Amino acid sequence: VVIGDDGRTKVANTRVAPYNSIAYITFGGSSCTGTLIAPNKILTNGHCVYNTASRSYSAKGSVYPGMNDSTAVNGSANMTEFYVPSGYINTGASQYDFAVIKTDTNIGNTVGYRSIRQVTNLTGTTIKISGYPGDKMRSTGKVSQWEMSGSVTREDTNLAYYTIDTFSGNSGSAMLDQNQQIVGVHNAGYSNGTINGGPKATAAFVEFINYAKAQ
């Protein structure tokens, strides 16, 4: 959700880290954000790849790392396989709302990719959320990356929360710490649109990702 005044700013250079590793990803009926985490693996939200209500996987599309002004400035890859946690398939709960996508080429070796840091507590940590919101697509007519930083204001055992502004299309944006490590993935608005949040990189998160990295 966008909370009060919009604090997001346009990423000026998507040819450098970490922005070159953050991708506009398309499906047959929607788009999201994702982040390269291996030579041929993207991390995003579960709800981007699997619809709980229809029990349906999304139609596969394409991956554009560091797209800016609707230009694939670092090339593109196609999606080939989805890996979704069993818990997401079975409950649709926010604590399992993450997924990995394999690409057809090793595009992560050209632009680089991000590591994941397992965390226990994020309260007070400054994170950055950068990705591809749909509202900016409407208003500028271009697909560009927008970022905003802020503090994690509360958390529970699986989720972290923040007032950093997000809009549809930001689903799957990584939470990046000061060292450009992934500590979680944005998924939704909470508390009737007064805060945003998503799953932290817990031990359970990291185990699934490690399995997915081996596929």
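We number the residues from 1 along the sequence you see.
Comparing 39 to 47 with 55 to 63, the stretch with the higher mean C-alpha B-factor in the PDB entry is 55 to 63. Look at the mean CA B-factor for 130 to 138 and for 68 to 76 in the entry; the higher one is 68 to 76. In this structure the maximum Cα B-factor among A203, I25, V11, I22 is found at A203.
Among all modelled residues in its chain, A160 ranks in the middle third by Cα B-factor.
Split the chain's modelled residues into thirds by C-alpha temperature factor. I116 is in the middle one. In the deposited entry, the Cα temperature factor of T105 sits in the top third of values across the chain's modelled residues. Looking at the C-alpha B-factors along this chain, the one for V152 belongs to the highest third. In the deposited entry, the Cα temperature factor of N179 places it in the highest third of its chain's modelled residues.
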